[PDB]
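Asks: Got a structure for you, written out below as structure tokens; questions coming shortly.
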Amino acid sequence: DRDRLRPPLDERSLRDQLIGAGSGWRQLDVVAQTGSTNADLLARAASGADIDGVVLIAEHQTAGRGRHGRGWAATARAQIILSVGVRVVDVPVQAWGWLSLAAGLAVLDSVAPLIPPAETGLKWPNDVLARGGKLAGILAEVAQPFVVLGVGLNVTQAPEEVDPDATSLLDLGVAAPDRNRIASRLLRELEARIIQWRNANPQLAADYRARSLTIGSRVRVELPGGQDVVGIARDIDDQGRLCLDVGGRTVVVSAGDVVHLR
Ligand SMILES: Nc1ncnc2c1ncn2[C@@H]1O[C@H](CNS(=O)(=O)NC(=O)CCCC[C@@H]2SC[C@@H]3NC(=O)N[C@@H]32)C[C@H]1O
């Protein structure tokens, strides 16, 4: 079936392309299997390792982490599953939220040319959507002085294997997606967006708003704690928070699950 469309990654090739002069990535490893790539890089940092510019890719992930204590499902070689380490202590804590949004933007731009149906872009905070389905999910976790950015991108992953609301490049029409080429594109896009975030480049916010599916749409936001708030998304502030219009009132949300309404 789709197993024939899932060749292994080439670690040697990825290292040659992404490690060296002109690139900020210092280390890249491809593991056959792990519990969570995010947990692994957090564990390295917890033992005193400098994980800035360190890339960890897993062919398979058995205990993936989602946001708010949720999970992330995967089968072998069906996704691009990676985590990167980013030094953030040199940047004001108020702006750390934008690092998360920058990652989603990079993932989208890396695969966008391959895909162009309706509802294709970014859902606040870190959802890469295409044709209404979730193509990629991003998780950012703090381990001072670092932030670990995790990316789960469905390449050939069937929705029936992971989640009914999911989608993949293959299910979007991409017959033979090359994970080696896509992973390379993703990490080069990611490096650029991280640099932009670090230097507070205005283009980062401008580019995000251009790909936003949430801004200008009627939304139901499910807040931490179980409360729901219905309004219209208007903008993103300087902290990466979602600005909602609720009957003329402004409600700023730092975290929550967004559902685009009719
Ligand atoms: N395959 C999948 N593709 C679409 N959707 C899905 C899928 N596997 C479940 N789901 C569904 O999405 C839900 C998770 N939603 S979420 O709260 O916004 N969390 C996220 O999207 C962030 C996920 C980050 C995963 C990356 S991958 C490597 C790294 N390590 C790690 O443990 N996390 C990060 C749970 C499940 O209902």
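Order determines the names: the first chain of the structure tokens is A, the second B, and so forth; residues in each chain are numbered 1 upward, and ligands are numbered 1 upward as they are shown.
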Go through chain A residue by residue and, counting only C-alpha atoms and all ligand atoms, keep those with an atom at most 8 Å from ligand 1; for each kept residue give the shortest atom pair and its distance in Å to one decimal, ordered by chain and increasing number, as a Markdown table.

Replies:
| residue | atom | partner | partner_atom_place_in_ligand_line | distance |
| --- | --- | --- | --- | --- |
| A:35 | CA | ligand 1 | 32 (O) | 7.4 |
| A:36 | CA | ligand 1 | 32 (O) | 4.2 |
| A:37 | CA | ligand 1 | 30 (N) | 4.4 |
| A:38 | CA | ligand 1 | 30 (N) | 4.2 |
| A:39 | CA | ligand 1 | 32 (O) | 6.6 |
| A:58 | CA | ligand 1 | 28 (C) | 7.9 |
| A:61 | CA | ligand 1 | 28 (C) | 7.3 |
| A:63 | CA | ligand 1 | 32 (O) | 6.6 |
| A:64 | CA | ligand 1 | 32 (O) | 3.5 |
| A:65 | CA | ligand 1 | 32 (O) | 3.3 |
| A:66 | CA | ligand 1 | 19 (N) | 3.4 |
| A:67 | CA | ligand 1 | 17 (O) | 3.6 |
| A:68 | CA | ligand 1 | 17 (O) | 6.0 |
| A:69 | CA | ligand 1 | 17 (O) | 7.6 |
| A:70 | CA | ligand 1 | 17 (O) | 5.6 |
| A:71 | CA | ligand 1 | 35 (C) | 5.1 |
| A:72 | CA | ligand 1 | 8 (N) | 3.9 |
| A:73 | CA | ligand 1 | 8 (N) | 3.9 |
| A:74 | CA | ligand 1 | 1 (N) | 5.3 |
| A:79 | CA | ligand 1 | 1 (N) | 7.7 |
| A:80 | CA | ligand 1 | 27 (S) | 7.9 |
| A:81 | CA | ligand 1 | 28 (C) | 4.8 |
| A:82 | CA | ligand 1 | 28 (C) | 5.1 |
| A:83 | CA | ligand 1 | 29 (C) | 5.7 |
| A:126 | CA | ligand 1 | 18 (O) | 6.9 |
| A:127 | CA | ligand 1 | 21 (O) | 6.5 |
| A:133 | CA | ligand 1 | 4 (C) | 7.9 |
| A:134 | CA | ligand 1 | 4 (C) | 5.1 |
| A:135 | CA | ligand 1 | 4 (C) | 6.2 |
| A:136 | CA | ligand 1 | 3 (N) | 6.2 |
| A:137 | CA | ligand 1 | 21 (O) | 3.6 |
| A:138 | CA | ligand 1 | 22 (C) | 4.3 |
| A:139 | CA | ligand 1 | 24 (C) | 4.4 |
| A:149 | CA | ligand 1 | 34 (C) | 7.5 |
| A:150 | CA | ligand 1 | 34 (C) | 4.0 |
| A:151 | CA | ligand 1 | 26 (C) | 4.4 |
| A:152 | CA | ligand 1 | 27 (S) | 3.7 |
| A:153 | CA | ligand 1 | 1 (N) | 7.3 |
| A:154 | CA | ligand 1 | 1 (N) | 6.1 |
| A:157 | CA | ligand 1 | 1 (N) | 7.1 |
| A:159 | CA | ligand 1 | 3 (N) | 7.1 |
| A:161 | CA | ligand 1 | 1 (N) | 8.0 |
| A:162 | CA | ligand 1 | 8 (N) | 4.9 |
| A:163 | CA | ligand 1 | 6 (C) | 5.1 |
| A:164 | CA | ligand 1 | 5 (N) | 7.8 |
| A:165 | CA | ligand 1 | 5 (N) | 6.5 |
| A:166 | CA | ligand 1 | 4 (C) | 4.2 |
| A:167 | CA | ligand 1 | 4 (C) | 6.7 |
| A:257 | CA | ligand 1 | 18 (O) | 7.3 |

Asks: Contacts between region 228-242 of chain A and region 30-105 of chain A, please, where a residue of region 30-105 of chain A counts if it comes within 10 Å (with only C-alpha atoms); show its shortest atom pair and distance in Å to one decimal, rows by chain and ascending number, as a tab-separated table.

Replies:
residue	atom	partner	partner_atom	distance
A:93	CA	A:239	CA	8.9
A:94	CA	A:239	CA	5.5
A:95	CA	A:239	CA	5.2
A:96	CA	A:239	CA	7.3
A:97	CA	A:240	CA	5.1
A:98	CA	A:240	CA	5.0
A:99	CA	A:240	CA	8.6
A:100	CA	A:240	CA	8.4
A:101	CA	A:240	CA	7.2
A:102	CA	A:240	CA	9.8

Asks: Extract the full set of helix (DSSP H, G or I) residues from region 14-94 of chain A according to DSSP on the backbone, and format it as a count of residues only.

Replies: 20

Asks: So, counting only C-alpha atoms, which residue among A:104, A:7, A:92, A:53 is closest to residue 200 (chain A)?

Replies: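 Ranking A:104, A:7, A:92, A:53 by distance to residue 200 (chain A), first place goes to A:92.
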
Asks: Name all residues at most 6 Å from residue 146 (chain A) (count only C-alpha atoms; drop same-chain ones fewer than 3 positions away) and give them as a PDB file with N, CA and C atoms, in the first residue's frame.

Replies:
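As written to disk, selection-v5.pdb reads:
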ATOM      1  N   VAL A  86      16.547  25.851  20.265  1.00  0.00           N
ATOM      2  CA  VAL A  86      16.736  27.274  20.009  1.00  0.00           C
ATOM      3  C   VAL A  86      17.066  28.026  21.294  1.00  0.00           C
ATOM      4  N   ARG A  87      18.215  28.694  21.315  1.00  0.00           N
ATOM      5  CA  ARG A  87      18.569  29.544  22.445  1.00  0.00           C
ATOM      6  C   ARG A  87      17.705  30.801  22.418  1.00  0.00           C
ATOM      7  N   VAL A  88      17.024  31.082  23.525  1.00  0.00           N
ATOM      8  CA  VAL A  88      16.036  32.158  23.552  1.00  0.00           C
ATOM      9  C   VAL A  88      16.251  33.169  24.677  1.00  0.00           C
ATOM     10  N   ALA A 143      12.991  24.874  28.043  1.00  0.00           N
ATOM     11  CA  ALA A 143      14.054  24.323  28.873  1.00  0.00           C
ATOM     12  C   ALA A 143      15.209  25.312  28.913  1.00  0.00           C
TER      13      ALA A 143
END

Asks: Rank A:33, A:23, A:193, A:5 by their smallest atom-to-atom distance to residue 175 (chain A), using only C-alpha atoms, and report the top residue only.

Replies: A:5
